[PDB]
Amino acid sequence: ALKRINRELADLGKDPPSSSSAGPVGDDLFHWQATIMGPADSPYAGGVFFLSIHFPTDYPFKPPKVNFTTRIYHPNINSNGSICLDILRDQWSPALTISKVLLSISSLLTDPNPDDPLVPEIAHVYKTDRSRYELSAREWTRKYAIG
Amino acid sequence: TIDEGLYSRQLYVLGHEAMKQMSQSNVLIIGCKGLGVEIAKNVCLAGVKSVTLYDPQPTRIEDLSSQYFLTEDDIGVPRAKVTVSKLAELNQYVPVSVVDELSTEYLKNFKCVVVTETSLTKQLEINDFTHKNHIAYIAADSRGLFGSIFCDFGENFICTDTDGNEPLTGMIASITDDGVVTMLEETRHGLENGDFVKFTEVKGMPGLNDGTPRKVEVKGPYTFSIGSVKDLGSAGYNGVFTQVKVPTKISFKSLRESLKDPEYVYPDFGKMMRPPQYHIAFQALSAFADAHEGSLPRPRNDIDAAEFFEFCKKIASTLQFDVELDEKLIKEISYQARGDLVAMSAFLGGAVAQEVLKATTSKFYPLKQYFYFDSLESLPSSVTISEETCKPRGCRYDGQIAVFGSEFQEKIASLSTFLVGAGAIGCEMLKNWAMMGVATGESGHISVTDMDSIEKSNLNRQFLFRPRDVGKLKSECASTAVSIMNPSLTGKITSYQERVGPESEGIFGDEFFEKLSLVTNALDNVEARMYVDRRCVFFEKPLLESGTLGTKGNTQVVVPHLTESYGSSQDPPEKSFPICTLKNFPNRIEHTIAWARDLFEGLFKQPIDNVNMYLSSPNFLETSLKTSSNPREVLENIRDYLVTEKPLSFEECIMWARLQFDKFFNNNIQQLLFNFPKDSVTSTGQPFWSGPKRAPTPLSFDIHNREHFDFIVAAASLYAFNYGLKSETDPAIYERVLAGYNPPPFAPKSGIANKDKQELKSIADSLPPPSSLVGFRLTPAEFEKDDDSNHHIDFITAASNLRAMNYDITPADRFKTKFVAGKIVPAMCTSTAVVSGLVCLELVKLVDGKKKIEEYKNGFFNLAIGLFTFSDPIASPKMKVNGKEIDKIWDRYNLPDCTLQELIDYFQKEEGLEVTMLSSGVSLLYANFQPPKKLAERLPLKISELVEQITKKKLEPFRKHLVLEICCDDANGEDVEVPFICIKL
Ligand SMILES: Nc1ncnc2c1ncn2[C@@H]1O[C@H](COP(=O)(O)OP(=O)(O)OP(=O)(O)O)[C@@H](O)[C@H]1O
Ligand SMILES: [Mg+2]
Ligand SMILES: [Mg+2]
């Protein structure tokens, strides 16, 4: 529990993610507030997105609860911030680190997956009218992810 | 007419058909000693038609060594007569009778015949008649630490289910013309060669959809073969395969034929040469008893052992057994011939009861045929076992003194145990402890803790509780029952009603845990197990863990400084479905049930919590606006449940239920089909609605349909309960109100500054002030599965079935919905008895203080296939710290309440290690990367003061120690694990 959490924290500290920065809330090790930088080759460029990570008491035997806080216009992210990632619901194994999760989320932001979406309307817009999706994503990442 | 309010947990293991066939079968039990009474109790709890007893011998004192329905006032009375009265109160649907004399023809009145404590000639006589008349015959024998079971269900037994598992089903990606069936990506069917499967919904190959089972040839973890499908088609796409389970024919042999050439069942593969020895030994025991007027060899007597060995030689020569007899093992059997242990009796009783259930229900794979078991590793070695010490003293513990001796009896009588929980396993453990005489001495004591209350469904497997005890605490009732069983335990048992957790450390503190001898868990959740394991590791007390699941069971023993703890082992956790699967594209009924549960929580629980919290917290809105993930949702819920849609009668509740039906089963589907039409294609050109994704279809509300009406009734009743209105169930009012409902129009929408805060403020100020509404509270609906008059499972079933009808999924009844939604763990009485027996066999090992690790045995068993296995515990890992051998689990650092700087200096000078992280509880006390100001502010403080400051809570007076987790780096910076720190306040 605490030992694994601090090992991951030290690995993050010693190895700079350079696109993410995860730190505990106050002095609680079971609650982190991570940060993600918008990918360069994506509509979310130049944006800072905040994530809340709640480690379950049975960590690492149960997946952490990762939820977006900054509103983002993505097909696989709903209004509650829930993220559609296989490694967080049922494919979780006690061998995945937080840096891996952040890399997975960054890759998801790089290219969405509309074939198995979580927000049907955004997926439909992405599939049919790409330009409107690009404009909406830029507007949202300018309104929320900046400032 | 199965009483589902009593057999709720058992029906998830057996089923409705099995119990229907079981409630028409009679069982006769010959012999009413401890093993016989255990079998009778398990069978009565199981629910057979009736039980008959036959044991006319007068009661003796030593018989009380394993009989819990006999008292010292019953000496001289036949056992059956004094046992039937107490057996009749276990179950009200199972009459229990007594027969004075047994005649051969009378055996035709019964479906199963169990024989215990009978000579071999009489067993042969009974079997010669119960074999040719097709009657199940089960013979059990318990001699000291040895046990034998023999089963004979006729020459044409039919086994419908051979493993008890659910049929394997899966999805298909593609089917070739050569019969090669391929699963989807990363999908393993789990079939075996020889299985039969059937295909449905196969596109391109309609012939495979007929339903005729076909053979399976396993070619890999992801593909298999069925043969040749040339005629039916060329290539098939998509579909679902389902395994078909076919009946099997099992042929047994009579006892007379099987004595010469038996067929053993091996309970352990480390000792495979023993069962042939036991086969001769038990026959020689019967012959010796016949040669001494039914007198078994005296305990630890050399002359009787020699005579028994001569009989063994004679029998081995007679039967032409080409096996060399092991003198030591045979003489050990001779020494313990008069033993009567309650643990072995419970183990064999559970096994034999399961065999009886198999015989009556024609289910599960039975023993075929002999089963010889021994737990000789439990024999004490730290006490003097001889003829003088093992002689009877004319007390009720003679059956145990004859195996362990008087000194070990005194050792047991001074135990100070701690039992966590009072469930089925707890009740069995308490019974075993009462029979064994645990804590009947001057220094003994027993503690039992459990906060739950007795319910109706708990009486099926918890024999210490009676229907008159429904609604009371478990611990008090269990303590009273076991004090009645053994009068010597009056005042030696303390029953608490406290939940064992972080909040109970004020009672179960250092003083309480420093006087115990061992801790036994009877829990059903992993969190409490882990907490108790951590406490035992800290205090260094032996721990006994036991778990059951349906017919499977396991027992584990944790020994200080010898074996690893419970938390070092991991079990497969539950599988939680992806959110995208539950929300939009379900393909199984479990997805719909989970969606229905989430809908129930979101409709009847969370909004009520928000409304109640709004009227209590004076600053709720401001906190929610900057804390809650969706302030808009909370504001909308509060408005809707306070002013917009507050009902004034039940008719408005019915209208709201109809509106919610329309919202969740007719409109969202239209929106989804507008976003993803049925003819839409993916990026690769394949159709979108194919495979795991099923095309939905909106539902039109038809009042005459049963499911729609059920959903309306359940939703209206729950809404009325939330608003404290008077609900009604007459269909007339529902049909009258729902006729006059005008559906609002709905058309799917295609879409196409900082005023959001202004809109949220406008919503917020619309709410009435909290001062205006004083004393107005809404009742949240707390989910309770066991109550059938609150419409919870009814609503969940209705919603799940409606969503299944949306996606053309097979609907499920209320039984399976209650099983899935309620997280009900299947349980059985036989499995509980077996695990209790195994744990009590490990307890005598723990009491004797055995040091080697090969003398302990973690046990696993599966009663569906008659599988038993025992393995050595995993040794606690060692490590090298500062060039010294450190135990990873059972070692710690003992330090005073020194300052943080002094602790760092101590670790730097003694261990030569640099501290990098120090935590306690859920707080990070010290880290190497914190700003220097914070450390300089925290360094000169003591550990207790530092914890008080960080956790913002004073240390309680009862607290006397702190557990600190420290991660430190060596001189070169390489991370090295170190044991935790035990700071002494
Ligand atoms: N943390 C705990 N501290 C103390 N007792 C506990 C704790 N957790 C569970 N128990 C008790 O352990 C016992 C477990 O027994 P069991 O699971 O068979 O009963 P149940 O949960 O009441 O029944 P069912 O599972 O059939 O609905 C229950 O008495 C439960 O109250
Ligand atoms: Mg209960
Ligand atoms: Mg339970």
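With ideal geometry, Cβ positions are generated from the backbone for all residues, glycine too; neighbour counts draw on all protein chains shown. What follows is calculated from the coordinates using simple rules that are stated; it is not laboratory data.
In straight-distance terms, cross-link reach from B:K230 covers every one of the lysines whose alpha-carbon lies under 24 Å from its own, apart from those fewer than eight places away in the same chain; here that gives B:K198, B:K203, B:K215, B:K219.
Longer than 26 Å from Cα to Cα, which of B:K515/B:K878; B:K368/B:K552; B:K41/B:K81; A:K143/B:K749; A:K3/B:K952 are they? Say none if no pair is. Result: B:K515/B:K878 exceed 26 Å. Over the stretch A:30-125, the hull volume per residue, using the convex hull of the C-alpha atoms, is 95 Å³.
Of the trypsin sites (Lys or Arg not before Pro) found in the stretch B:754-821, no site is in coil according to DSSP while having at most 10 other Cβ atoms within 10 Å of its Cβ.
The GluC sites (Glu not before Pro) found in the stretch B:407-446 that occupy coil by DSSP, while having at most 15 further C-beta atoms within 10 Å, are B:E442. With neighbour counts taken as other beta-carbon atoms within 10 Å, the residues B:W689, B:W433 rank, fewest first, as B:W689, B:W433. With contacts taken as Cα pairs under 8 Å at a separation of at least 6 residues, the stretch A:2-143 carries a relative contact order of 21 percent. Each 10 Å bin, from zero up to the one with the longest distance, holds this percent of the alpha carbon pairs of the stretch B:892-985: 15, 54, 27, 4, 0. Within the straight-line cut-off of under 18 Å between alpha carbons, the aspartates and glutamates reachable from A:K100 are A:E8, A:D11, A:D15, A:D86, A:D90, A:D111, sequence neighbours fewer than 8 places apart in one chain being disregarded. Judged by the ratio a/c of the largest to the smallest principal axis of the C-alpha gyration tensor, the stretch B:590-664 counts as oblate, that ratio being 1.5 or greater while a/b is no larger than b/c. Computed over every Cα-Cα pair of the stretch B:166-244 and binned at 10 Å starting from 0, the pair-distance distribution P(r) comes out as 21, 63, 16, 0 percent.
The distance between label points at A:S19 and B:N619 comes to 4.0 nm (points 7 Å beyond Cα on the Cα→Cβ vector). For B:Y335, the shell of other residues with beta-carbons less than 12 Å away shows a net charge of +2, using +1 for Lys and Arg and -1 for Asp and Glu.
Peptide A:3-12 is shielded by partner chain Cβ atoms: per residue, an average of 4 of them sit within 10 Å of its Cβ. The coefficient of translational diffusion for the stretch B:90-207, derived via Stokes-Einstein from the alpha carbon Kirkwood radius under 25 °C and 0.890 mPa s, stands at 124 µm²/s.
Seen from a random direction on average, the alpha-carbon convex hull of the stretch B:1-73 projects onto 6.0 square nanometres. In the calculated pair-distance distribution of the protein assembly as shown, the portion above 53 angstrom amounts to 33 percent of the Cα-Cα pairs.
Under the rule a/c < 1.5 gives rounded, and otherwise a/b versus b/c splits prolate from oblate, where does the stretch B:539-595 land using the Cα gyration tensor? The shape class here is prolate. Other residues lying with their Cβ under 13 Å from the Cβ of B:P877 contribute a combined charge of -2, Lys and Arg counting +1, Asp and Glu -1. Legend: distances between Cα atoms for B:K245/B:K271; B:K472/B:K818; B:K575/B:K693; B:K431/B:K472; pairs beyond 23 Å are B:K245/B:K271; B:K472/B:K818. Restricting the calculation to alpha carbons of chain B gives Rg and Dmax of 33.4, 103 angstrom.
Put in line by how crowded their Cβ is, counting other Cβ atoms within 10 Å and starting with the fewest, B:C982, B:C32 read B:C982, B:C32. Based on Cα contacts under 8 Å between residues 6+ apart, the stretch B:163-306 shows a relative contact order of 23 percent. For B:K954, a cut-off of 19 angstrom between C-alpha atoms picks up these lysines, skipping any fewer than 8 places away in its own chain: B:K942, B:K984.
Among the chymotrypsin sites (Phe, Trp or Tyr not before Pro) within the stretch B:244-312, those in coil by DSSP and having at most 13 neighbouring Cβ atoms inside 10 Å are B:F269.
Take each residue in A:119-126, count the other chain C-beta atoms within 10 Å of its C-beta, and the mean is 5. Each peptide in B:607-616, B:829-838 was scored by the mean count of other Cβ atoms within 10 Å over its residues; highest first, the order is B:829-838, B:607-616. Note: relative contact order over the stretch B:166-216, using C-alpha pairs below 8 Å and six or more positions apart, is 27 percent. Taking a ≥ b ≥ c as the square roots of the eigenvalues of the Cα gyration tensor, an a/c ratio of 1.5 or more together with a/b no larger than b/c marks the stretch B:691-799 as oblate.
Near B:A753: Cβ cut-off under 15 Å, other residues only, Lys/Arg at +1 and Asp/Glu at -1. The net charge is +3.
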